[PDB]
Amino acid sequence: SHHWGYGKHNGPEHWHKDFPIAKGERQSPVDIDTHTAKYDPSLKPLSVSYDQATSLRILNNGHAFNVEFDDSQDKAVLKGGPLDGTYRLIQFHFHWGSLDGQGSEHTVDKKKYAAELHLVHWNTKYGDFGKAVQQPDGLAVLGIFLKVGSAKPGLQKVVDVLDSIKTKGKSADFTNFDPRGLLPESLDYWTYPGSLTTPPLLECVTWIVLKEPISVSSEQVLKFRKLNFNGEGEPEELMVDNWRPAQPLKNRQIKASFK
Ligand SMILES: CC#CC[Se]c1ccc(S(N)(=O)=O)cc1
Ligand SMILES: CC#CC[Se]c1ccc(S(N)(=O)=O)cc1
Ligand SMILES: [Zn+2]
């Protein structure tokens, strides 16, 4: 069974032994060299359409927490930008650090942010998420950096439910949450072809990483750091540093949406 994680003994440097694609040609995350990234005039406008998003539940899966959506219809979709067709929002989650100076998976000129939000979408031409992850254009993940400063009001409902899903396998109702409250003002982005950043590390993701970080408060991120990787009644292992470091860019170019 799966026993990968983020510790010294089962962390990112070990993953390749059970998931050899860990050493593949389009792995994520990557460092975004802002000087080398080139503006691409072929990019169409990005369209984030979350008006009808229907959140359902929040789950601690022992690696992060997922806010899950009803993706049985096109209720919240991502389109445009580098994408051909329609990608349906299925969940969002975060990666974060033990300290404010680390936590993000993507880096920007080697800068690490305190955390990174991933809004995960699947290409509806493949019918279901499981089929989509087997395709090179199966997923689109919208990545948003978090820095510590002023509180993000739209994050607080998430923060306040975390006490109820402290340990692996716990879930709670999480209806009527509006993920639009997690976005920055600008939709300027970088994009490149990559992978899932956790096992199974499938090379099925078009990454769209927003240039503008959101600000969250220290109190908000401190509450992320009180979660547990372990299950109930097991010795406490704080859920911190659940990020994979940057991987080799290989034969890829990062494109910018903005001149
Ligand atoms: C804590 C612990 C441990 C040792 Se057991 C183990 C099993 C699978 C992996 S992998 N290749 O999936 O990361 C790593 C380690
Ligand atoms: C098949 C499968 C699977 C695991 Se579900 C998963 C894992 C990682 C991401 S990430 N961190 O790349 O957005 C998104 C979704
Ligand atoms: Zn992620």
# chains A, B, ... in the order shown; residues from 1 in each chain; ligands from 1
>>> residues_around(residues="residue A:255", least_positions_apart="5", cutoff="6 Å", atoms="only C-alpha atoms", output="PDB file with C-alpha atoms, in the first residue's frame")
ATOM      1  CA  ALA A  37       9.750  33.229 -19.006  1.00  0.00           C
ATOM      2  CA  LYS A  38       8.495  34.717 -22.243  1.00  0.00           C
ATOM      3  CA  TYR A  39       5.259  36.565 -22.930  1.00  0.00           C
ATOM      4  CA  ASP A  40       3.129  34.420 -25.236  1.00  0.00           C
ATOM      5  CA  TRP A 190       2.770  31.702 -15.924  1.00  0.00           C
ATOM      6  CA  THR A 191       2.017  28.365 -17.577  1.00  0.00           C
TER       7      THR A 191
END
>>> closest_atom_pairs(of="chain A", to="ligand 1", cutoff="12 Å", atoms="only C-alpha atoms and all ligand atoms", output="Markdown table")
| residue | atom | partner | partner_atom_place_in_ligand_line | distance |
| --- | --- | --- | --- | --- |
| A:1 | CA | ligand 1 | 8 (C) | 8.2 |
| A:2 | CA | ligand 1 | 12 (O) | 5.9 |
| A:3 | CA | ligand 1 | 8 (C) | 4.5 |
| A:4 | CA | ligand 1 | 13 (O) | 3.9 |
| A:5 | CA | ligand 1 | 13 (O) | 6.5 |
| A:6 | CA | ligand 1 | 1 (C) | 8.4 |
| A:7 | CA | ligand 1 | 1 (C) | 6.4 |
| A:8 | CA | ligand 1 | 1 (C) | 7.5 |
| A:9 | CA | ligand 1 | 2 (C) | 4.7 |
| A:10 | CA | ligand 1 | 14 (C) | 3.8 |
| A:11 | CA | ligand 1 | 13 (O) | 5.7 |
| A:12 | CA | ligand 1 | 13 (O) | 6.7 |
| A:13 | CA | ligand 1 | 13 (O) | 7.5 |
| A:14 | CA | ligand 1 | 13 (O) | 4.4 |
| A:15 | CA | ligand 1 | 13 (O) | 3.6 |
| A:16 | CA | ligand 1 | 11 (N) | 5.7 |
| A:17 | CA | ligand 1 | 11 (N) | 4.4 |
| A:18 | CA | ligand 1 | 11 (N) | 4.1 |
| A:19 | CA | ligand 1 | 11 (N) | 6.5 |
| A:20 | CA | ligand 1 | 11 (N) | 8.7 |
| A:21 | CA | ligand 1 | 11 (N) | 11.3 |
| A:22 | CA | ligand 1 | 11 (N) | 9.7 |
| A:198 | CA | ligand 1 | 13 (O) | 9.9 |
| A:199 | CA | ligand 1 | 12 (O) | 7.6 |
| A:200 | CA | ligand 1 | 12 (O) | 9.1 |
| A:201 | CA | ligand 1 | 12 (O) | 11.0 |
| A:229 | CA | ligand 1 | 1 (C) | 11.1 |
| A:230 | CA | ligand 1 | 1 (C) | 11.0 |
| A:237 | CA | ligand 1 | 1 (C) | 11.1 |
| A:244 | CA | ligand 1 | 13 (O) | 12.0 |
>>> residues_near_ligand(ligand="ligand 2", cutoff="7 Å", atoms="only C-alpha atoms and all ligand atoms", output="compact mmCIF listing (two decimals) with N, CA, C and O atoms, in the first residue's frame")
# COMPACT_ATOMS: atom_id res chain seq x y z
N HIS A 118 -3.74 25.13 -4.58
CA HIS A 118 -3.96 24.39 -5.82
C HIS A 118 -5.44 24.15 -6.02
O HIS A 118 -6.05 23.39 -5.26
N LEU A 119 -6.02 24.79 -7.04
CA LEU A 119 -7.40 24.53 -7.47
C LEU A 119 -7.31 23.56 -8.62
O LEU A 119 -6.74 23.89 -9.66
N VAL A 120 -7.82 22.35 -8.41
CA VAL A 120 -7.62 21.23 -9.32
C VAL A 120 -8.82 21.05 -10.21
O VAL A 120 -9.96 20.96 -9.72
N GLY A 130 -10.49 10.10 -13.06
CA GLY A 130 -9.62 8.95 -13.21
C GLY A 130 -9.10 8.72 -14.61
O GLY A 130 -7.95 8.29 -14.80
N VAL A 133 -6.56 11.81 -15.61
CA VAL A 133 -5.17 11.79 -15.14
C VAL A 133 -4.27 10.90 -15.97
O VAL A 133 -3.05 10.96 -15.83
N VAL A 141 -4.28 22.78 -13.14
CA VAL A 141 -4.18 23.21 -11.76
C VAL A 141 -3.81 24.68 -11.74
O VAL A 141 -2.83 25.11 -12.36
N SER A 195 3.18 18.02 -13.93
CA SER A 195 2.71 16.78 -13.32
C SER A 195 1.94 17.06 -12.03
O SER A 195 1.99 18.15 -11.50
N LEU A 196 1.31 16.02 -11.50
CA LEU A 196 0.89 16.04 -10.10
C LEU A 196 2.15 16.20 -9.27
O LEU A 196 3.20 15.63 -9.61
N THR A 197 2.06 16.92 -8.15
CA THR A 197 3.24 17.11 -7.29
C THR A 197 3.30 16.13 -6.14
O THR A 197 4.22 16.19 -5.34
N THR A 198 2.34 15.20 -6.08
CA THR A 198 2.42 14.06 -5.15
C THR A 198 2.29 12.79 -5.95
O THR A 198 1.75 12.80 -7.06
N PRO A 199 2.75 11.67 -5.37
CA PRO A 199 2.41 10.39 -5.98
C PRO A 199 0.93 10.35 -6.31
O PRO A 199 0.09 10.81 -5.50
N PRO A 200 0.55 9.81 -7.47
CA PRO A 200 1.39 9.07 -8.41
C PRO A 200 2.23 9.89 -9.40
O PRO A 200 2.84 9.31 -10.31
>>> closest_atom_pairs(of="chain A", to="ligand 3", cutoff="12 Å", atoms="only C-alpha atoms and all ligand atoms", output="JSON lines")
{"residue": "A:28", "atom": "CA", "partner": "ligand 3", "partner_atom_place_in_ligand_line": "1 (Zn)", "distance": 9.8}
{"residue": "A:29", "atom": "CA", "partner": "ligand 3", "partner_atom_place_in_ligand_line": "1 (Zn)", "distance": 9.3}
{"residue": "A:63", "atom": "CA", "partner": "ligand 3", "partner_atom_place_in_ligand_line": "1 (Zn)", "distance": 9.7}
{"residue": "A:64", "atom": "CA", "partner": "ligand 3", "partner_atom_place_in_ligand_line": "1 (Zn)", "distance": 8.4}
{"residue": "A:65", "atom": "CA", "partner": "ligand 3", "partner_atom_place_in_ligand_line": "1 (Zn)", "distance": 9.9}
{"residue": "A:66", "atom": "CA", "partner": "ligand 3", "partner_atom_place_in_ligand_line": "1 (Zn)", "distance": 9.5}
{"residue": "A:67", "atom": "CA", "partner": "ligand 3", "partner_atom_place_in_ligand_line": "1 (Zn)", "distance": 12.0}
{"residue": "A:91", "atom": "CA", "partner": "ligand 3", "partner_atom_place_in_ligand_line": "1 (Zn)", "distance": 10.0}
{"residue": "A:92", "atom": "CA", "partner": "ligand 3", "partner_atom_place_in_ligand_line": "1 (Zn)", "distance": 7.9}
{"residue": "A:93", "atom": "CA", "partner": "ligand 3", "partner_atom_place_in_ligand_line": "1 (Zn)", "distance": 6.2}
{"residue": "A:94", "atom": "CA", "partner": "ligand 3", "partner_atom_place_in_ligand_line": "1 (Zn)", "distance": 6.0}
{"residue": "A:95", "atom": "CA", "partner": "ligand 3", "partner_atom_place_in_ligand_line": "1 (Zn)", "distance": 6.2}
{"residue": "A:96", "atom": "CA", "partner": "ligand 3", "partner_atom_place_in_ligand_line": "1 (Zn)", "distance": 10.0}
{"residue": "A:103", "atom": "CA", "partner": "ligand 3", "partner_atom_place_in_ligand_line": "1 (Zn)", "distance": 11.2}
{"residue": "A:104", "atom": "CA", "partner": "ligand 3", "partner_atom_place_in_ligand_line": "1 (Zn)", "distance": 9.5}
{"residue": "A:105", "atom": "CA", "partner": "ligand 3", "partner_atom_place_in_ligand_line": "1 (Zn)", "distance": 8.0}
{"residue": "A:106", "atom": "CA", "partner": "ligand 3", "partner_atom_place_in_ligand_line": "1 (Zn)", "distance": 10.1}
{"residue": "A:115", "atom": "CA", "partner": "ligand 3", "partner_atom_place_in_ligand_line": "1 (Zn)", "distance": 10.4}
{"residue": "A:116", "atom": "CA", "partner": "ligand 3", "partner_atom_place_in_ligand_line": "1 (Zn)", "distance": 7.7}
{"residue": "A:117", "atom": "CA", "partner": "ligand 3", "partner_atom_place_in_ligand_line": "1 (Zn)", "distance": 7.0}
{"residue": "A:118", "atom": "CA", "partner": "ligand 3", "partner_atom_place_in_ligand_line": "1 (Zn)", "distance": 5.0}
{"residue": "A:119", "atom": "CA", "partner": "ligand 3", "partner_atom_place_in_ligand_line": "1 (Zn)", "distance": 8.0}
{"residue": "A:120", "atom": "CA", "partner": "ligand 3", "partner_atom_place_in_ligand_line": "1 (Zn)", "distance": 8.0}
{"residue": "A:121", "atom": "CA", "partner": "ligand 3", "partner_atom_place_in_ligand_line": "1 (Zn)", "distance": 11.6}
{"residue": "A:140", "atom": "CA", "partner": "ligand 3", "partner_atom_place_in_ligand_line": "1 (Zn)", "distance": 11.4}
{"residue": "A:141", "atom": "CA", "partner": "ligand 3", "partner_atom_place_in_ligand_line": "1 (Zn)", "distance": 8.2}
{"residue": "A:142", "atom": "CA", "partner": "ligand 3", "partner_atom_place_in_ligand_line": "1 (Zn)", "distance": 9.6}
{"residue": "A:143", "atom": "CA", "partner": "ligand 3", "partner_atom_place_in_ligand_line": "1 (Zn)", "distance": 8.2}
{"residue": "A:144", "atom": "CA", "partner": "ligand 3", "partner_atom_place_in_ligand_line": "1 (Zn)", "distance": 10.4}
{"residue": "A:145", "atom": "CA", "partner": "ligand 3", "partner_atom_place_in_ligand_line": "1 (Zn)", "distance": 11.6}
{"residue": "A:195", "atom": "CA", "partner": "ligand 3", "partner_atom_place_in_ligand_line": "1 (Zn)", "distance": 10.1}
{"residue": "A:196", "atom": "CA", "partner": "ligand 3", "partner_atom_place_in_ligand_line": "1 (Zn)", "distance": 7.2}
{"residue": "A:197", "atom": "CA", "partner": "ligand 3", "partner_atom_place_in_ligand_line": "1 (Zn)", "distance": 6.0}
{"residue": "A:198", "atom": "CA", "partner": "ligand 3", "partner_atom_place_in_ligand_line": "1 (Zn)", "distance": 7.3}
{"residue": "A:199", "atom": "CA", "partner": "ligand 3", "partner_atom_place_in_ligand_line": "1 (Zn)", "distance": 10.7}
{"residue": "A:201", "atom": "CA", "partner": "ligand 3", "partner_atom_place_in_ligand_line": "1 (Zn)", "distance": 10.8}
{"residue": "A:205", "atom": "CA", "partner": "ligand 3", "partner_atom_place_in_ligand_line": "1 (Zn)", "distance": 11.1}
{"residue": "A:207", "atom": "CA", "partner": "ligand 3", "partner_atom_place_in_ligand_line": "1 (Zn)", "distance": 10.8}
{"residue": "A:209", "atom": "CA", "partner": "ligand 3", "partner_atom_place_in_ligand_line": "1 (Zn)", "distance": 11.8}
{"residue": "A:242", "atom": "CA", "partner": "ligand 3", "partner_atom_place_in_ligand_line": "1 (Zn)", "distance": 9.2}
{"residue": "A:243", "atom": "CA", "partner": "ligand 3", "partner_atom_place_in_ligand_line": "1 (Zn)", "distance": 8.0}
{"residue": "A:244", "atom": "CA", "partner": "ligand 3", "partner_atom_place_in_ligand_line": "1 (Zn)", "distance": 9.1}
{"residue": "A:245", "atom": "CA", "partner": "ligand 3", "partner_atom_place_in_ligand_line": "1 (Zn)", "distance": 11.9}
>>> write_last_selection(atoms="N, CA and C atoms", output="tab-separated table (two decimals), in the first residue's frame")
chain	number	residue	atom	x	y	z
A	28	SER	N	6.62	18.30	-11.78
A	28	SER	CA	6.32	19.52	-11.04
A	28	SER	C	6.54	19.36	-9.54
A	29	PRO	N	6.73	20.45	-8.81
A	29	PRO	CA	6.80	21.82	-9.28
A	29	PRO	C	8.14	22.15	-9.93
A	63	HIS	N	-2.15	13.97	3.94
A	63	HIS	CA	-1.13	14.67	3.17
A	63	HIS	C	-1.41	16.17	3.12
A	64	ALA	N	-2.68	16.56	3.02
A	64	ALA	CA	-3.12	17.94	3.05
A	64	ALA	C	-4.58	17.86	3.46
A	65	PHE	N	-5.34	18.93	3.28
A	65	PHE	CA	-6.80	18.85	3.34
A	65	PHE	C	-7.38	19.30	2.01
A	66	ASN	N	-8.42	18.60	1.57
A	66	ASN	CA	-9.11	18.90	0.32
A	66	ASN	C	-10.47	19.48	0.62
A	67	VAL	N	-10.76	20.63	0.03
A	67	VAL	CA	-12.14	21.09	-0.08
A	67	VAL	C	-12.68	20.56	-1.40
A	91	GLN	N	-11.57	19.98	-6.64
A	91	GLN	CA	-11.14	20.21	-5.27
A	91	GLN	C	-10.09	21.27	-5.23
A	92	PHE	N	-9.91	21.85	-4.06
A	92	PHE	CA	-8.70	22.61	-3.81
A	92	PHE	C	-8.05	22.16	-2.54
A	93	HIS	N	-6.74	22.39	-2.47
A	93	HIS	CA	-5.95	22.12	-1.29
A	93	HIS	C	-4.75	23.05	-1.29
A	94	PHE	N	-3.97	22.97	-0.21
A	94	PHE	CA	-2.78	23.79	-0.04
A	94	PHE	C	-1.58	22.93	0.29
A	95	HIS	N	-0.42	23.53	0.10
A	95	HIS	CA	0.87	23.04	0.62
A	95	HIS	C	1.47	24.16	1.43
A	96	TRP	N	2.09	23.86	2.57
A	96	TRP	CA	2.59	24.91	3.43
A	96	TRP	C	3.77	24.44	4.27
A	103	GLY	N	7.24	26.61	2.10
A	103	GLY	CA	5.90	26.02	2.05
A	103	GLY	C	5.40	25.87	0.63
A	104	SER	N	5.74	26.81	-0.26
A	104	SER	CA	5.26	26.71	-1.63
A	104	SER	C	6.02	25.62	-2.37
A	105	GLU	N	5.41	25.11	-3.42
A	105	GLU	CA	6.00	24.08	-4.26
A	105	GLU	C	6.68	24.76	-5.43
A	106	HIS	N	5.94	25.54	-6.20
A	106	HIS	CA	6.60	26.41	-7.16
A	106	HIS	C	7.38	27.47	-6.40
A	115	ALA	N	3.05	29.40	1.49
A	115	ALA	CA	2.12	28.33	1.14
A	115	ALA	C	1.74	28.49	-0.32
A	116	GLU	N	1.04	27.49	-0.84
A	116	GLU	CA	0.55	27.52	-2.22
A	116	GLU	C	-0.78	26.80	-2.26
A	117	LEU	N	-1.77	27.45	-2.87
A	117	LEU	CA	-3.10	26.93	-3.11
A	117	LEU	C	-3.17	26.33	-4.50
A	118	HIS	N	-3.74	25.13	-4.58
A	118	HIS	CA	-3.96	24.39	-5.82
A	118	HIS	C	-5.44	24.15	-6.02
A	119	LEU	N	-6.02	24.79	-7.04
A	119	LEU	CA	-7.40	24.53	-7.47
A	119	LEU	C	-7.31	23.56	-8.62
A	120	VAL	N	-7.82	22.35	-8.41
A	120	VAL	CA	-7.62	21.23	-9.32
A	120	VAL	C	-8.82	21.05	-10.21
A	121	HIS	N	-8.59	20.99	-11.52
A	121	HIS	CA	-9.67	20.86	-12.51
A	121	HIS	C	-9.36	19.75	-13.49
A	140	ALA	N	-5.95	20.70	-15.23
A	140	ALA	CA	-5.41	22.07	-15.14
A	140	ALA	C	-5.43	22.41	-13.67
A	141	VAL	N	-4.28	22.78	-13.14
A	141	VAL	CA	-4.18	23.21	-11.76
A	141	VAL	C	-3.81	24.68	-11.74
A	142	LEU	N	-4.67	25.45	-11.09
A	142	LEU	CA	-4.47	26.86	-10.87
A	142	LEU	C	-3.77	27.02	-9.53
A	143	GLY	N	-2.54	27.54	-9.58
A	143	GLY	CA	-1.72	27.66	-8.39
A	143	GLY	C	-1.64	29.11	-7.98
A	144	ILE	N	-1.78	29.35	-6.68
A	144	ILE	CA	-1.81	30.69	-6.13
A	144	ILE	C	-0.91	30.69	-4.90
A	145	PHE	N	0.07	31.58	-4.90
A	145	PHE	CA	0.97	31.72	-3.77
A	145	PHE	C	0.33	32.46	-2.61
A	195	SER	N	3.18	18.02	-13.93
A	195	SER	CA	2.71	16.78	-13.32
A	195	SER	C	1.94	17.06	-12.03
A	196	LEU	N	1.31	16.02	-11.50
A	196	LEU	CA	0.89	16.04	-10.10
A	196	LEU	C	2.15	16.20	-9.27
A	197	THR	N	2.06	16.92	-8.15
A	197	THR	CA	3.24	17.11	-7.29
A	197	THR	C	3.30	16.13	-6.14
A	198	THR	N	2.34	15.20	-6.08
A	198	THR	CA	2.42	14.06	-5.15
A	198	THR	C	2.29	12.79	-5.95
A	199	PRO	N	2.75	11.67	-5.37
A	199	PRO	CA	2.41	10.39	-5.98
A	199	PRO	C	0.93	10.35	-6.31
A	201	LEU	N	2.26	11.21	-9.26
A	201	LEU	CA	3.20	12.06	-10.02
A	201	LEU	C	2.97	12.03	-11.53
A	205	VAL	N	-0.77	17.42	-16.15
A	205	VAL	CA	-1.21	18.72	-15.68
A	205	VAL	C	-0.72	19.87	-16.54
A	207	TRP	N	-0.16	23.47	-15.82
A	207	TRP	CA	-0.02	24.34	-14.66
A	207	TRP	C	-0.25	25.78	-15.07
A	209	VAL	N	0.03	29.25	-12.97
A	209	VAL	CA	0.46	29.77	-11.68
A	209	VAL	C	0.32	31.29	-11.70
A	242	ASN	N	4.53	19.99	3.80
A	242	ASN	CA	3.94	19.04	2.86
A	242	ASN	C	4.05	19.52	1.42
A	243	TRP	N	5.26	19.92	1.06
A	243	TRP	CA	5.57	20.45	-0.27
A	243	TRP	C	6.69	19.65	-0.89
A	244	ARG	N	6.62	19.45	-2.19
A	244	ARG	CA	7.71	18.87	-2.98
A	244	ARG	C	8.58	20.01	-3.48
A	245	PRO	N	9.92	19.88	-3.43
A	245	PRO	CA	10.78	20.93	-3.96
A	245	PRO	C	10.75	20.97	-5.49
>>> select_by_dssp(residues="stretch 17-252 of chain A", states="strand (DSSP E or B)", output="PyMOL selection string")
chain A and resi 31-32+38-39+46-49+55-60+65-69+77-80+87-96+107-108+111+115-123+139-148+171-173+189-194+205-210+214-216+228+238
>>> residues_around(residues="residue A:138", least_positions_apart="4", cutoff="9 Å", atoms="only C-alpha atoms", output="short mmCIF file (atom, residue, chain, number, x, y, z; two decimals) with N, CA and C atoms, in the first residue's frame")
data_model
loop_
_atom_site.label_atom_id
_atom_site.label_comp_id
_atom_site.auth_asym_id
_atom_site.auth_seq_id
_atom_site.Cartn_x
_atom_site.Cartn_y
_atom_site.Cartn_z
N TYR A 87 -12.49 22.69 -18.23
CA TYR A 87 -11.92 21.93 -17.10
C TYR A 87 -12.75 22.20 -15.85
N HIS A 121 -8.59 20.99 -11.52
CA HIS A 121 -9.67 20.86 -12.51
C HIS A 121 -9.36 19.75 -13.49
N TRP A 122 -10.40 19.06 -13.94
CA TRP A 122 -10.22 17.99 -14.95
C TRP A 122 -10.93 18.28 -16.24
N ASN A 123 -10.30 17.85 -17.34
CA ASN A 123 -10.79 18.11 -18.70
C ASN A 123 -12.03 17.27 -18.99
N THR A 124 -13.16 17.93 -19.23
CA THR A 124 -14.44 17.21 -19.29
C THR A 124 -14.56 16.36 -20.55
N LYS A 125 -13.52 16.53 -21.56
CA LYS A 125 -13.63 15.61 -22.68
C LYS A 125 -13.27 14.17 -22.29
N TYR A 126 -12.63 13.96 -21.14
CA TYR A 126 -12.31 12.62 -20.68
C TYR A 126 -13.32 12.04 -19.70
N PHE A 129 -12.39 12.10 -13.62
CA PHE A 129 -11.06 12.45 -13.16
C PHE A 129 -10.07 11.33 -13.36
N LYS A 131 -9.94 8.99 -15.60
CA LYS A 131 -9.53 8.90 -16.98
C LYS A 131 -8.68 10.11 -17.37
N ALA A 132 -9.05 11.29 -16.87
CA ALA A 132 -8.31 12.50 -17.20
C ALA A 132 -6.85 12.42 -16.78
N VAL A 133 -6.56 11.81 -15.61
CA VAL A 133 -5.17 11.79 -15.14
C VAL A 133 -4.27 10.90 -15.97
N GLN A 134 -4.86 10.10 -16.87
CA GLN A 134 -4.10 9.26 -17.79
C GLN A 134 -3.77 9.98 -19.09
N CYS A 204 0.20 14.84 -16.29
CA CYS A 204 -1.12 15.08 -16.86
C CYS A 204 -1.64 16.52 -16.62
N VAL A 205 -0.77 17.42 -16.15
CA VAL A 205 -1.21 18.72 -15.68
C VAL A 205 -0.72 19.87 -16.54
N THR A 206 -1.65 20.74 -16.96
CA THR A 206 -1.27 22.07 -17.42
C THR A 206 -1.31 22.97 -16.20
#
>>> atom_distance(atom1="atom CA of residue A:84", atom2="atom CA of residue A:180")
22.2 Å
>>> atom_distance(atom1="atom CA of residue A:225", atom2="atom CA of residue A:247")
24.7 Å
>>> closest_residue(among="A:168, A:111, A:75, A:226", to="residue A:31", atoms="only C-alpha atoms")
A:111
>>> residues_around(residues="residue A:188", least_positions_apart="4", cutoff="9 Å", atoms="only C-alpha atoms", output="CSV table (one decimal) with N, CA and C atoms, in the first residue's frame")
chain,number,residue,atom,x,y,z
A,46,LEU,N,-7.9,34.1,-19.9
A,46,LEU,CA,-8.2,33.1,-18.9
A,46,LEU,C,-9.6,33.4,-18.3
A,209,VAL,N,0.0,29.3,-13.0
A,209,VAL,CA,0.5,29.8,-11.7
A,209,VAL,C,0.3,31.3,-11.7
A,210,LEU,N,-0.5,31.8,-10.8
A,210,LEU,CA,-0.8,33.3,-10.8
A,210,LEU,C,0.4,34.0,-10.3
A,211,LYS,N,0.7,35.1,-10.9
A,211,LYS,CA,1.9,36.0,-10.5
A,211,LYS,C,1.6,36.7,-9.2
A,212,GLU,N,0.4,37.1,-8.9
A,212,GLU,CA,0.1,37.9,-7.7
A,212,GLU,C,-0.2,36.9,-6.6
A,256,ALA,N,4.5,33.4,-20.1
A,256,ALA,CA,3.8,34.4,-19.3
A,256,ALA,C,2.7,34.9,-20.1
A,257,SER,N,1.6,35.2,-19.4
A,257,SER,CA,0.4,35.8,-20.0
A,257,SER,C,0.5,37.3,-20.2
A,258,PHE,N,1.5,37.9,-19.6
A,258,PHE,CA,1.6,39.4,-19.4
A,258,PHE,C,2.9,39.8,-20.0
>>> closest_residue(among="A:222, A:238, A:161, A:89", to="residue A:72", atoms="only C-alpha atoms")
A:89
>>> atom_distance(atom1="atom CA of residue A:82", atom2="atom CA of residue A:35")
20.0 Å
>>> residues_around(residues="residue A:252", least_positions_apart="5", cutoff="10 Å", atoms="only C-alpha atoms", output="PyMOL selection string")
chain A and resi 25-26+192-194
>>> closest_residue(among="A:137, A:149, A:254, A:23", to="residue A:85", atoms="only C-alpha atoms")
A:137
>>> decode(residues="stretch 194-207 of chain A", atoms="N, CA and C atoms", output="tab-separated table (two decimals), in the first residue's frame")
chain	number	residue	atom	x	y	z
A	194	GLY	N	3.28	20.07	-16.84
A	194	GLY	CA	3.89	19.40	-15.74
A	194	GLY	C	3.10	18.22	-15.24
A	195	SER	N	3.18	18.02	-13.93
A	195	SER	CA	2.71	16.78	-13.32
A	195	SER	C	1.94	17.06	-12.03
A	196	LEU	N	1.31	16.02	-11.50
A	196	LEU	CA	0.89	16.04	-10.10
A	196	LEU	C	2.15	16.20	-9.27
A	197	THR	N	2.06	16.92	-8.15
A	197	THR	CA	3.24	17.11	-7.29
A	197	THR	C	3.30	16.13	-6.14
A	198	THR	N	2.34	15.20	-6.08
A	198	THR	CA	2.42	14.06	-5.15
A	198	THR	C	2.29	12.79	-5.95
A	199	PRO	N	2.75	11.67	-5.37
A	199	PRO	CA	2.41	10.39	-5.98
A	199	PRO	C	0.93	10.35	-6.31
A	200	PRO	N	0.55	9.81	-7.47
A	200	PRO	CA	1.39	9.07	-8.41
A	200	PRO	C	2.23	9.89	-9.40
A	201	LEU	N	2.26	11.21	-9.26
A	201	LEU	CA	3.20	12.06	-10.02
A	201	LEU	C	2.97	12.03	-11.53
A	202	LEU	N	1.73	11.78	-11.89
A	202	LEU	CA	1.35	11.62	-13.29
A	202	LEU	C	1.53	12.90	-14.08
A	203	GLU	N	2.03	12.75	-15.30
A	203	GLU	CA	2.39	13.89	-16.14
A	203	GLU	C	1.21	14.34	-16.99
A	204	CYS	N	0.20	14.84	-16.29
A	204	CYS	CA	-1.12	15.08	-16.86
A	204	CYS	C	-1.64	16.52	-16.62
A	205	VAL	N	-0.77	17.42	-16.15
A	205	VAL	CA	-1.21	18.72	-15.68
A	205	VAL	C	-0.72	19.87	-16.54
A	206	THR	N	-1.65	20.74	-16.96
A	206	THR	CA	-1.27	22.07	-17.42
A	206	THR	C	-1.31	22.97	-16.20
A	207	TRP	N	-0.16	23.47	-15.82
A	207	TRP	CA	-0.02	24.34	-14.66
A	207	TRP	C	-0.25	25.78	-15.07
